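Enquirer: Contents of final25.cif (mmCIF, C-alpha atoms) are below:
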data_structure
#
loop_
_atom_site.label_atom_id
_atom_site.label_comp_id
_atom_site.auth_asym_id
_atom_site.auth_seq_id
_atom_site.Cartn_x
_atom_site.Cartn_y
_atom_site.Cartn_z
CA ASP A 1 28.08 7.00 -34.77
CA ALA A 2 27.59 8.80 -31.43
CA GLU A 3 24.42 10.78 -32.24
CA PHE A 4 23.44 7.62 -34.14
CA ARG A 5 23.03 5.17 -31.23
CA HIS A 6 22.28 8.27 -29.13
CA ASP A 7 18.96 9.43 -30.60
CA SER A 8 18.18 5.76 -31.34
CA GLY A 9 18.36 4.72 -27.67
CA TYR A 10 17.13 8.26 -26.94
CA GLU A 11 13.54 7.75 -28.10
CA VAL A 12 13.60 4.06 -27.26
CA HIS A 13 14.76 5.15 -23.84
CA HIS A 14 11.56 7.18 -23.60
CA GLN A 15 9.82 3.94 -24.65
CA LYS A 16 11.01 2.02 -21.58
CA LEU A 17 10.40 4.95 -19.21
CA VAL A 18 6.92 5.28 -20.75
CA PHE A 19 6.13 1.58 -20.24
CA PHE A 20 7.20 1.52 -16.59
CA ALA A 21 5.53 4.91 -16.09
CA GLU A 22 2.37 3.33 -17.54
CA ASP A 23 2.26 0.33 -15.19
CA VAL A 24 4.17 1.83 -12.28
CA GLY A 25 2.91 5.36 -12.96
CA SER A 26 -0.67 4.16 -13.46
CA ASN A 27 -0.61 2.69 -9.93
CA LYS A 28 2.03 5.05 -8.47
#
What's the structure tokens form of this structure?

Expert:
Amino acid sequence: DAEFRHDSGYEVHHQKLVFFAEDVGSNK
């Protein structure tokens, strides 16, 4: 199940980094 929870938290990871990059990046 490696690649399983990998890609899963892989795109979701991008989700969190995109959120913070939106607030923090917007005013960074």

Enquirer: So the first atom is atom CA of residue A:23 and the second is atom CA of residue A:5; what is the distance between them in Å, to one decimal place?

Expert: 26.7 Å

Enquirer: Between atom CA of residue A:8 and atom CA of residue A:20, what is the distance, to one decimal in Å?

Expert: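 Pair atom CA of residue A:8 / atom CA of residue A:20 returns 18.9 Å.
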
Enquirer: Find the distance between atom CA of residue A:24 and atom CA of residue A:6 and write it in Å to one decimal.

Expert: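 That distance, rounded to one decimal, is 25.6 Å.
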
Enquirer: Got a minute to add N, CA and C atoms to chain A and dump it as a PDB file, in the coordinates of the input?

Expert:
ATOM      1  N   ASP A   1      29.411   7.651 -34.956  1.00  0.00           N
ATOM      2  CA  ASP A   1      28.080   7.000 -34.770  1.00  0.00           C
ATOM      3  C   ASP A   1      27.513   7.398 -33.403  1.00  0.00           C
ATOM      4  N   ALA A   2      28.099   8.374 -32.763  1.00  0.00           N
ATOM      5  CA  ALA A   2      27.590   8.800 -31.430  1.00  0.00           C
ATOM      6  C   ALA A   2      26.117   9.193 -31.549  1.00  0.00           C
ATOM      7  N   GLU A   3      25.839  10.345 -32.096  1.00  0.00           N
ATOM      8  CA  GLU A   3      24.420  10.780 -32.240  1.00  0.00           C
ATOM      9  C   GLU A   3      23.584   9.637 -32.813  1.00  0.00           C
ATOM     10  N   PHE A   4      24.200   8.755 -33.549  1.00  0.00           N
ATOM     11  CA  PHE A   4      23.440   7.620 -34.140  1.00  0.00           C
ATOM     12  C   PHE A   4      22.806   6.779 -33.031  1.00  0.00           C
ATOM     13  N   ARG A   5      23.596   6.018 -32.323  1.00  0.00           N
ATOM     14  CA  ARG A   5      23.030   5.170 -31.230  1.00  0.00           C
ATOM     15  C   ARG A   5      22.501   6.067 -30.110  1.00  0.00           C
ATOM     16  N   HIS A   6      22.778   7.331 -30.182  1.00  0.00           N
ATOM     17  CA  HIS A   6      22.280   8.270 -29.130  1.00  0.00           C
ATOM     18  C   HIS A   6      20.787   8.479 -29.330  1.00  0.00           C
ATOM     19  N   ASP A   7      20.408   9.193 -30.353  1.00  0.00           N
ATOM     20  CA  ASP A   7      18.960   9.430 -30.600  1.00  0.00           C
ATOM     21  C   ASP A   7      18.235   8.082 -30.666  1.00  0.00           C
ATOM     22  N   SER A   8      18.843   7.091 -31.260  1.00  0.00           N
ATOM     23  CA  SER A   8      18.180   5.760 -31.340  1.00  0.00           C
ATOM     24  C   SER A   8      17.754   5.339 -29.929  1.00  0.00           C
ATOM     25  N   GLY A   9      18.705   5.116 -29.062  1.00  0.00           N
ATOM     26  CA  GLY A   9      18.360   4.720 -27.670  1.00  0.00           C
ATOM     27  C   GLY A   9      17.737   5.913 -26.946  1.00  0.00           C
ATOM     28  N   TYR A  10      17.714   7.056 -27.580  1.00  0.00           N
ATOM     29  CA  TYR A  10      17.130   8.260 -26.940  1.00  0.00           C
ATOM     30  C   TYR A  10      15.603   8.135 -26.922  1.00  0.00           C
ATOM     31  N   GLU A  11      15.009   7.885 -28.056  1.00  0.00           N
ATOM     32  CA  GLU A  11      13.540   7.750 -28.100  1.00  0.00           C
ATOM     33  C   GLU A  11      13.170   6.403 -27.507  1.00  0.00           C
ATOM     34  N   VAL A  12      13.909   5.389 -27.840  1.00  0.00           N
ATOM     35  CA  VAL A  12      13.600   4.060 -27.260  1.00  0.00           C
ATOM     36  C   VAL A  12      13.705   4.168 -25.759  1.00  0.00           C
ATOM     37  N   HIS A  13      14.640   4.937 -25.301  1.00  0.00           N
ATOM     38  CA  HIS A  13      14.760   5.150 -23.840  1.00  0.00           C
ATOM     39  C   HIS A  13      13.385   5.603 -23.372  1.00  0.00           C
ATOM     40  N   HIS A  14      12.906   6.664 -23.960  1.00  0.00           N
ATOM     41  CA  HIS A  14      11.560   7.180 -23.600  1.00  0.00           C
ATOM     42  C   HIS A  14      10.555   6.020 -23.652  1.00  0.00           C
ATOM     43  N   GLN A  15      10.762   5.087 -24.544  1.00  0.00           N
ATOM     44  CA  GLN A  15       9.820   3.940 -24.650  1.00  0.00           C
ATOM     45  C   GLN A  15       9.803   3.165 -23.339  1.00  0.00           C
ATOM     46  N   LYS A  16      10.950   2.796 -22.853  1.00  0.00           N
ATOM     47  CA  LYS A  16      11.010   2.020 -21.580  1.00  0.00           C
ATOM     48  C   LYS A  16      10.467   2.866 -20.425  1.00  0.00           C
ATOM     49  N   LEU A  17      10.881   4.098 -20.320  1.00  0.00           N
ATOM     50  CA  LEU A  17      10.400   4.950 -19.210  1.00  0.00           C
ATOM     51  C   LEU A  17       8.892   5.189 -19.357  1.00  0.00           C
ATOM     52  N   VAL A  18       8.374   5.072 -20.549  1.00  0.00           N
ATOM     53  CA  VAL A  18       6.920   5.280 -20.750  1.00  0.00           C
ATOM     54  C   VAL A  18       6.182   4.002 -20.343  1.00  0.00           C
ATOM     55  N   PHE A  19       6.775   2.872 -20.608  1.00  0.00           N
ATOM     56  CA  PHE A  19       6.130   1.580 -20.240  1.00  0.00           C
ATOM     57  C   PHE A  19       6.064   1.490 -18.718  1.00  0.00           C
ATOM     58  N   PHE A  20       7.186   1.597 -18.070  1.00  0.00           N
ATOM     59  CA  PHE A  20       7.200   1.520 -16.590  1.00  0.00           C
ATOM     60  C   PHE A  20       6.330   2.640 -16.027  1.00  0.00           C
ATOM     61  N   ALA A  21       6.372   3.801 -16.611  1.00  0.00           N
ATOM     62  CA  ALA A  21       5.530   4.910 -16.090  1.00  0.00           C
ATOM     63  C   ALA A  21       4.055   4.555 -16.317  1.00  0.00           C
ATOM     64  N   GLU A  22       3.776   3.716 -17.271  1.00  0.00           N
ATOM     65  CA  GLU A  22       2.370   3.330 -17.540  1.00  0.00           C
ATOM     66  C   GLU A  22       1.904   2.352 -16.464  1.00  0.00           C
ATOM     67  N   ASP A  23       2.648   1.309 -16.242  1.00  0.00           N
ATOM     68  CA  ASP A  23       2.260   0.330 -15.190  1.00  0.00           C
ATOM     69  C   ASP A  23       2.542   0.952 -13.832  1.00  0.00           C
ATOM     70  N   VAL A  24       3.785   1.234 -13.578  1.00  0.00           N
ATOM     71  CA  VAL A  24       4.170   1.830 -12.280  1.00  0.00           C
ATOM     72  C   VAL A  24       3.518   3.198 -12.089  1.00  0.00           C
ATOM     73  N   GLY A  25       3.525   4.012 -13.099  1.00  0.00           N
ATOM     74  CA  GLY A  25       2.910   5.360 -12.960  1.00  0.00           C
ATOM     75  C   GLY A  25       1.404   5.197 -12.800  1.00  0.00           C
ATOM     76  N   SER A  26       0.801   4.353 -13.590  1.00  0.00           N
ATOM     77  CA  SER A  26      -0.670   4.160 -13.460  1.00  0.00           C
ATOM     78  C   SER A  26      -1.020   3.897 -11.997  1.00  0.00           C
ATOM     79  N   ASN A  27      -0.318   2.999 -11.364  1.00  0.00           N
ATOM     80  CA  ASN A  27      -0.610   2.690  -9.930  1.00  0.00           C
ATOM     81  C   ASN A  27       0.510   3.248  -9.052  1.00  0.00           C
ATOM     82  N   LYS A  28       0.938   4.455  -9.302  1.00  0.00           N
ATOM     83  CA  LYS A  28       2.030   5.050  -8.470  1.00  0.00           C
ATOM     84  C   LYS A  28       1.426   6.015  -7.454  1.00  0.00           C
TER      85      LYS A  28
END
